[PDB]
Structures are given as C-alpha cells and as structure tokens.
Amino acid sequence: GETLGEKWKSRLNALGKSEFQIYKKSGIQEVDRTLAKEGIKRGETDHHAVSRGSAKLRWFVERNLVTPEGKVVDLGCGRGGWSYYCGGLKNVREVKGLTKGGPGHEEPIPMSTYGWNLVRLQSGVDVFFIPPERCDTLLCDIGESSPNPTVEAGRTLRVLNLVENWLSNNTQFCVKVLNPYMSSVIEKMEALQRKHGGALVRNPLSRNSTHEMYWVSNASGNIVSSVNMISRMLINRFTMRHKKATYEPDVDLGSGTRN
Ligand SMILES: CO[C@@H]1[C@H](O)[C@@H](COP(=O)(O)OP(=O)(O)OP(=O)(O)OC[C@H]2O[C@@H]([n+]3cn(C)c4c(=O)[nH]c(N)nc43)[C@H](O)[C@@H]2O)O[C@H]1n1cnc2c(=O)[nH]c(N)nc21
Ligand SMILES: Nc1ncnc2c1ncn2[C@@H]1O[C@H](CSCC[C@H](N)C(=O)O)[C@@H](O)[C@H]1O
C-alpha cells in the first residue's frame, strides 16, 4: 500500500540479496558494452559510447519521443553519454552538458565521436544553483534512488521544479522521473503535462529495481494510467523464474568533427 507502486517498492525492499540481483535483470533489455568499455580503457576516443546511457537515449530518439535539435542542454551529464549521442544528430547545433563529478561521481570523458566539437561538458557543477539558459532541447537524467519512496518523491519533485525553470513554449525534452508513482509526483506531473504536454514513458533498458519513467515531449497519455501500467509490469516480473536480460549491440557514434 497505498499506491500500487508503493506495494511494489516494499516487495522490492524485502527481497534477499541473490533474489534482488536476479529480479533486477529479469526480462529486461541490456546493451552489449564489453568491447566499447575495453576500447575506452585503452584510450580509444572514436566510435565508443562513454556509458550505456547513449543507447538509453537512442531508444527514445529513434522512436521520435524526443527529437534533439538546436542548442541542447544536458543536466546531470555524467561521463557524457547523452551529450555525445546528441553531438552526432543532424539538427543539433550545440550541446552543453553539466554534472557534479568530483569524488564519488562520474567525470566527463573526452571523446572524438562524431560531432564531439559541438559538445562541451563541465564538471563540478550543481545544476540546482546555476541560472537557467535558453535552449531548444532540455535533457535531464538526475534522480538518486532511496529505499524510502517518500525520500524519492522529495528528490523527484526537486528535479521537476528544476526542469520547469529551463523549459520554454516549444522545447524538446527528455527528463528522468525517478519516482513517478508517489501521489505528490503524480500531482506535479499532471500540472506539468497540462503546461508543456508530453507524457511518461518506460524505457525497456531500465532495470526492474527502479520505477523510473521519462517525461518525453513527443508523447501523450494519461499520467496515472501510464504509471499504474508500469507498477503492474514490475509486480508481474517478481513472478518470473530463471529469467534474465536480452542483449542488443551498442551504439556506434562514429568519429570526426562537424561544421
Ligand atoms: C545501503 O542501502 C542501499 C542503497 O540505498 C541502495 C544501493 O545504492 P545505489 O547507489 O547502487 O542505488 P541505485 O544505483 O539507484 O540502484 P539499485 O538498483 O542498487 O537500488 C535501487 C533500489 O533497489 C533496492 N535495492 C538495492 N539493492 C542493492 C538492494 C538489495 O540488495 N536488496 C534489496 N532487497 N533491495 C535492494 C532499494 O529499494 C533501492 O532504492 O540499495 C540499498 N541496499 C543495499 N542492500 C540492501 C538490502 O539488502 N535491502 C534493501 N532493501 N536495500 C539495500
Ligand atoms: N545536482 C546535480 N548537479 C549536477 N549533476 C548532478 C546533480 N545531481 C546528480 N547529478 C549527476 O547526474 C549524473 C547522472 S549521469 C546519467 C547518465 C548519463 N545520461 C549518460 O548517458 O552517461 C550523475 O553523475 C550524478 O552525479
């Protein structure tokens, strides 16, 4: 109780260690990352995605759920997986990625993937403190999980209020909604959808251990229904036995500069 998502979260928290690890990957999609990771380790800067995040964003983009263009701001860029992916997209002109980095968090990694010269990544930034800037696309992949969904709600609401500050009339967007099932977050998402449209969409590359959904600009659908469908899916997935992930090839981000 009281929402279905809360029931799922409690059941998730009650799992044994081995049971949790099995559950986390049951019937999900995964990216085949081995060779890309090995190449990056060796100092290779062409082709490779810096994280499995490039493929995660590619899933939204290839389905036109978000269509990055013009000036792209990537809030919480980490190593730069979303930023470098956008750097190669036809209608993108500029990508600014901003992230905490420092001890305990991923630092931006310099790469030479296609359109890298369009991408500027900055570490040591708290995005909640910086003045919003005009942008054509607003991306945000921030949200720290908690065993306590009330804590996640407080965090999620801060992200939602943040991104609201960066959106204009016709902004393309893709925003992680860490916990979309808590009543307070439902209420906020309904208001935001009234104002900016879009809808919440579940990415098949998300793990079963999170109820994250992404608010994407080029989608429609009732907030409550979209969230409850995912609550039911995640509950259904507890019942799977002897199941694991299905892999897909990673993204090839090419090489070279763009003018
Ligand atoms: C010290 O408390 C830990 C952290 O709050 C969190 C792990 O931190 P991390 O920064 O890796 O979190 P994420 O990157 O978002 O991904 P996870 O997929 O590991 O965590 C997402 C949620 O998944 C749950 N969880 C996460 N882990 C690692 C477990 C687990 O081992 N057993 C278990 N029953 N549940 C979990 C918990 O509700 C988490 O909020 O997971 C917690 N954790 C660790 N061991 C346990 C545990 O034995 N039970 C439990 N309910 N939570 C646990
Ligand atoms: N307040 C904040 N300011 C800047 N970055 C933040 C932040 N809160 C969390 N973050 C960062 O946001 C990052 C998410 S990185 C997520 C993956 C990224 N989209 C990729 O494709 O590689 C984490 O590194 C985290 O530390």
# chains A, B, ... in the order shown; residues from 1 in each chain; ligands from 1

$ residues_near_ligand --ligand "ligand 1" --cutoff "6 Å" --atoms "only C-alpha atoms and all ligand atoms" --output "MDAnalysis selection string"
chainID A and resid 12:17 20 145:147 209:210

$ write_last_selection --atoms "C-alpha atoms" --output "short mmCIF file (atom, residue, chain, number, x, y, z; two decimals), in the first residue's frame"
data_model
loop_
_atom_site.label_atom_id
_atom_site.label_comp_id
_atom_site.auth_asym_id
_atom_site.auth_seq_id
_atom_site.Cartn_x
_atom_site.Cartn_y
_atom_site.Cartn_z
CA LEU A 12 11.43 -4.95 -3.74
CA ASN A 13 12.94 -3.87 -0.38
CA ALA A 14 12.02 -7.23 1.20
CA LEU A 15 13.92 -9.36 -1.38
CA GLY A 16 17.02 -11.33 -0.33
CA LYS A 17 20.35 -10.33 -1.90
CA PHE A 20 17.13 -8.95 -5.79
CA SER A 145 17.19 6.36 -5.52
CA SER A 146 16.26 5.77 -1.87
CA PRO A 147 14.79 2.69 -0.15
CA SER A 209 14.91 -2.26 -9.46
CA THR A 210 13.73 1.25 -10.40
#

$ residues_around --residues "residue 56 in chain A" --least-positions-apart "4" --cutoff "12 Å" --atoms "only C-alpha atoms" --output "MDAnalysis selection string"
chainID A and resid 29:31 49 51:52 60:63 81:82 85 141 174 176 202:207 213:214 248 250:251

$ write_last_selection --atoms "N, CA, C and O atoms" --output "JSON list (two decimals), in the first residue's frame"
[["chain", "number", "residue", "atom", "x", "y", "z"],
["A", 29, "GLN", "N", 15.95, -5.39, -21.23],
["A", 29, "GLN", "CA", 16.94, -5.21, -22.30],
["A", 29, "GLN", "C", 18.26, -4.72, -21.72],
["A", 29, "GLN", "O", 18.29, -4.00, -20.72],
["A", 30, "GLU", "N", 19.36, -5.15, -22.34],
["A", 30, "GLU", "CA", 20.71, -4.70, -21.95],
["A", 30, "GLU", "C", 21.49, -4.39, -23.21],
["A", 30, "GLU", "O", 21.22, -4.96, -24.27],
["A", 31, "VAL", "N", 22.50, -3.54, -23.08],
["A", 31, "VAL", "CA", 23.40, -3.19, -24.17],
["A", 31, "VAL", "C", 24.68, -4.01, -24.03],
["A", 31, "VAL", "O", 25.22, -4.18, -22.91],
["A", 49, "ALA", "N", 30.50, 4.67, -27.19],
["A", 49, "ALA", "CA", 29.70, 5.39, -26.21],
["A", 49, "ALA", "C", 30.41, 5.32, -24.86],
["A", 49, "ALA", "O", 30.95, 4.27, -24.48],
["A", 51, "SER", "N", 29.07, 5.53, -21.94],
["A", 51, "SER", "CA", 28.22, 4.84, -20.95],
["A", 51, "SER", "C", 27.11, 4.10, -21.69],
["A", 51, "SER", "O", 26.88, 4.34, -22.89],
["A", 52, "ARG", "N", 26.39, 3.24, -20.98],
["A", 52, "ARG", "CA", 25.19, 2.61, -21.57],
["A", 52, "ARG", "C", 24.05, 3.63, -21.74],
["A", 52, "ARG", "O", 23.00, 3.32, -22.34],
["A", 60, "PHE", "N", 14.78, 6.41, -27.06],
["A", 60, "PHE", "CA", 13.77, 7.48, -27.14],
["A", 60, "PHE", "C", 13.82, 8.19, -28.49],
["A", 60, "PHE", "O", 12.80, 8.41, -29.14],
["A", 61, "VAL", "N", 15.04, 8.53, -28.91],
["A", 61, "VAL", "CA", 15.23, 9.33, -30.13],
["A", 61, "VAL", "C", 14.80, 8.58, -31.39],
["A", 61, "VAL", "O", 14.10, 9.15, -32.25],
["A", 62, "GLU", "N", 15.17, 7.30, -31.50],
["A", 62, "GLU", "CA", 14.85, 6.51, -32.71],
["A", 62, "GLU", "C", 13.34, 6.33, -32.90],
["A", 62, "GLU", "O", 12.89, 6.10, -34.03],
["A", 63, "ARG", "N", 12.59, 6.44, -31.81],
["A", 63, "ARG", "CA", 11.11, 6.38, -31.83],
["A", 63, "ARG", "C", 10.45, 7.77, -31.87],
["A", 63, "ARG", "O", 9.23, 7.88, -31.69],
["A", 81, "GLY", "N", 27.21, 10.44, -21.89],
["A", 81, "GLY", "CA", 26.59, 9.50, -22.85],
["A", 81, "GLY", "C", 25.47, 10.14, -23.66],
["A", 81, "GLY", "O", 25.35, 9.91, -24.88],
["A", 82, "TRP", "N", 24.63, 10.94, -23.00],
["A", 82, "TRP", "CA", 23.53, 11.59, -23.75],
["A", 82, "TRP", "C", 24.08, 12.72, -24.61],
["A", 82, "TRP", "O", 23.63, 12.91, -25.76],
["A", 85, "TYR", "N", 25.93, 11.46, -27.76],
["A", 85, "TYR", "CA", 24.93, 10.92, -28.70],
["A", 85, "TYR", "C", 24.28, 12.08, -29.47],
["A", 85, "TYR", "O", 24.20, 12.07, -30.70],
["A", 141, "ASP", "N", 18.90, 13.73, -16.62],
["A", 141, "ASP", "CA", 18.92, 12.32, -16.21],
["A", 141, "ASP", "C", 19.33, 12.21, -14.73],
["A", 141, "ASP", "O", 20.20, 11.42, -14.37],
["A", 174, "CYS", "N", 13.51, 15.47, -22.50],
["A", 174, "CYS", "CA", 13.53, 14.08, -22.05],
["A", 174, "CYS", "C", 14.10, 14.14, -20.65],
["A", 174, "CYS", "O", 15.26, 14.51, -20.47],
["A", 176, "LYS", "N", 14.28, 12.38, -16.70],
["A", 176, "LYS", "CA", 14.06, 11.25, -15.81],
["A", 176, "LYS", "C", 13.13, 11.66, -14.68],
["A", 176, "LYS", "O", 13.35, 12.69, -14.01],
["A", 202, "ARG", "N", 8.14, 4.40, -20.24],
["A", 202, "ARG", "CA", 9.08, 3.43, -19.66],
["A", 202, "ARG", "C", 10.03, 2.92, -20.75],
["A", 202, "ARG", "O", 9.59, 2.45, -21.81],
["A", 203, "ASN", "N", 11.34, 2.97, -20.46],
["A", 203, "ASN", "CA", 12.38, 2.56, -21.39],
["A", 203, "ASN", "C", 12.68, 1.09, -21.05],
["A", 203, "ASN", "O", 12.88, 0.77, -19.87],
["A", 204, "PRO", "N", 12.72, 0.20, -22.05],
["A", 204, "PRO", "CA", 12.99, -1.23, -21.80],
["A", 204, "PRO", "C", 14.39, -1.52, -21.25],
["A", 204, "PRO", "O", 14.62, -2.60, -20.73],
["A", 205, "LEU", "N", 15.30, -0.56, -21.41],
["A", 205, "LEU", "CA", 16.66, -0.65, -20.86],
["A", 205, "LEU", "C", 16.74, -0.28, -19.38],
["A", 205, "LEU", "O", 17.77, -0.49, -18.73],
["A", 206, "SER", "N", 15.65, 0.26, -18.83],
["A", 206, "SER", "CA", 15.61, 0.45, -17.39],
["A", 206, "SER", "C", 15.62, -0.90, -16.64],
["A", 206, "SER", "O", 15.03, -1.89, -17.09],
["A", 207, "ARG", "N", 16.29, -0.94, -15.50],
["A", 207, "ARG", "CA", 16.31, -2.16, -14.68],
["A", 207, "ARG", "C", 15.03, -2.28, -13.86],
["A", 207, "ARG", "O", 14.37, -1.27, -13.62],
["A", 213, "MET", "N", 10.50, 6.54, -14.98],
["A", 213, "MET", "CA", 9.90, 6.75, -16.30],
["A", 213, "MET", "C", 10.41, 8.09, -16.78],
["A", 213, "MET", "O", 10.81, 8.93, -15.96],
["A", 214, "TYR", "N", 10.40, 8.28, -18.09],
["A", 214, "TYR", "CA", 10.94, 9.53, -18.64],
["A", 214, "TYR", "C", 9.82, 10.40, -19.17],
["A", 214, "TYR", "O", 8.97, 9.93, -19.93],
["A", 248, "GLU", "N", 21.42, -6.29, -26.79],
["A", 248, "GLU", "CA", 21.45, -5.71, -28.13],
["A", 248, "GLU", "C", 22.81, -5.02, -28.34],
["A", 248, "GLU", "O", 23.43, -4.59, -27.37],
["A", 250, "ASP", "N", 25.64, -2.26, -28.97],
["A", 250, "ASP", "CA", 25.79, -0.88, -28.52],
["A", 250, "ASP", "C", 25.75, 0.07, -29.72],
["A", 250, "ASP", "O", 25.82, -0.36, -30.88],
["A", 251, "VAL", "N", 25.61, 1.37, -29.44],
["A", 251, "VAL", "CA", 25.63, 2.40, -30.49],
["A", 251, "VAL", "C", 27.05, 2.64, -31.00],
["A", 251, "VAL", "O", 28.00, 2.67, -30.22]]

$ residues_near_ligand --ligand "ligand 2" --cutoff "8 Å" --atoms "only C-alpha atoms and all ligand atoms" --output "PyMOL selection string"
chain A and resi 50-54+56-57+74-83+98-101+104-107+123-128+140-144

$ atom_distance --atom1 "CA of residue 163 in chain A" --atom2 "CA of residue 139 in chain A"
8.6 Å

$ closest_residue --among "A:232, A:42, A:48, A:24" --to "residue 249 in chain A" --atoms "only C-alpha atoms"
A:48

$ atom_distance --atom1 "CA of residue 120 in chain A" --atom2 "CA of residue 216 in chain A"
23.2 Å

$ residues_around --residues "residue 167 in chain A" --least-positions-apart "5" --cutoff "9 Å" --atoms "only C-alpha atoms" --output "PyMOL selection string"
chain A and resi 132+134-138+172-173+196

$ write_last_selection --atoms "C-alpha atoms" --output "PDB file, in the first residue's frame"
ATOM      1  CA  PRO A 132      18.620  28.666 -16.492  1.00  0.00           C
ATOM      2  CA  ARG A 134      17.744  29.488 -23.340  1.00  0.00           C
ATOM      3  CA  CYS A 135      17.736  26.106 -25.080  1.00  0.00           C
ATOM      4  CA  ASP A 136      15.877  24.229 -27.828  1.00  0.00           C
ATOM      5  CA  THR A 137      16.242  20.819 -26.149  1.00  0.00           C
ATOM      6  CA  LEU A 138      16.376  20.156 -22.424  1.00  0.00           C
ATOM      7  CA  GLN A 172      12.072  19.331 -26.872  1.00  0.00           C
ATOM      8  CA  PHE A 173      12.672  17.417 -23.619  1.00  0.00           C
ATOM      9  CA  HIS A 196       4.125  21.520 -21.554  1.00  0.00           C
TER      10      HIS A 196
END

$ select_by_dssp --residues "range 10-254 of chain A" --states "alpha helix (DSSP H)" --output "NGL selection string"
:A and (10-14 or 17-25 or 34-41 or 53-62 or 81-87 or 149-166 or 183-196 or 223-236)

$ select_by_dssp --residues "range 1-86 of chain A" --states "strand (DSSP E or B)" --output "PyMOL selection string"
chain A and resi 29-32+70-75

$ closest_residue --among "A:5, A:180, A:102, A:88" --to "residue 258 in chain A" --atoms "only C-alpha atoms"
A:88

$ atom_distance --atom1 "CA of residue 243 in chain A" --atom2 "CA of residue 178 in chain A"
24.9 Å

$ residues_around --residues "residue 69 in chain A" --least-positions-apart "4" --cutoff "9 Å" --atoms "only C-alpha atoms" --output "compact mmCIF listing (two decimals) with C-alpha atoms, in the first residue's frame"
# COMPACT_ATOMS: atom_id res chain seq x y z
CA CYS A 86 23.23 14.27 -29.42
CA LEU A 89 22.36 14.18 -34.57
CA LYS A 90 21.51 16.02 -37.75
CA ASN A 91 19.61 19.01 -36.39
CA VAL A 92 21.68 19.57 -33.25
CA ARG A 93 23.94 22.68 -33.26
CA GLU A 94 25.44 22.78 -29.73
CA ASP A 136 15.88 24.23 -27.83
CA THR A 137 16.24 20.82 -26.15
CA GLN A 172 12.07 19.33 -26.87

$ closest_residue --among "A:112, A:239, A:10, A:169" --to "residue 87 in chain A" --atoms "only C-alpha atoms"
A:112
